[PDB]
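Only one chain is shown below, in structure tokens, and it's the form deposited in one PDB entry.
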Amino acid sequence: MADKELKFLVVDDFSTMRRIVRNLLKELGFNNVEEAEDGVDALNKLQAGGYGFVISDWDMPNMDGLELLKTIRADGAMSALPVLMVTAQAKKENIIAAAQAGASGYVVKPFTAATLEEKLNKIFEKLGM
């Protein structure tokens, strides 16, 4: 996956968390990044088209990460979009529920750029990107 212009959507209700993820992506060379504050905001942006990767917080108001993921996976236009779930605390039950709903990966925050890079590269490889 050599497309450094792959378009990311970073979804989290905390603006500071979004800025952290955006800055880590920038460090890796991924600058084509937009933000959303909950699952509905995210879906509105995704329908505008052009996105290549979603990084979503697990716990958000109104529409949480699991519901966002399910909605993406059920939509024929975006059903193959990579989705990386982010959580403050790994839980077996959540990991399995996310996998059942089609998550591409799952990672615990706070994470470093190196950890993010590894997550992304393993997802790109798993998905044949």
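We number the residues from 1 along the sequence you see.
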property	result
Residue stretch of maximal mean CA temperature factor, 113 to 121 vs 17 to 25	113 to 121
Comparing 34 to 42 with 71 to 79, the one whose average Cα B-factor in the PDB entry is higher	71 to 79
Residue, from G102, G49, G65, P61, that the PDB entry assigns the highest Cα B-factor	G49
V86 by Cα B-factor - lowest, middle or highest third of the modelled chain	lowest
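The same protein has a further form, the form solved in complex with a partner chain, not shown here; the description that follows concerns it.
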item	value
Contact residue in the entry with it bound, from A80, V40, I96, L28 (heavy atom within 4.5 Å of the partner chain)	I96
The partner chain contact in the entry with it bound: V107, any heavy atom under 4.5 Å	yes
Contact label in the entry with it bound: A90 to the partner chain, heavy atom within 4.5 Å	yes
Any non-hydrogen atom of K7 within 4.5 angstroms of the partner chain in the entry with it bound	no
Interface membership of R22, the partner chain in the entry with it bound, 4.5 Å heavy atom rule	no
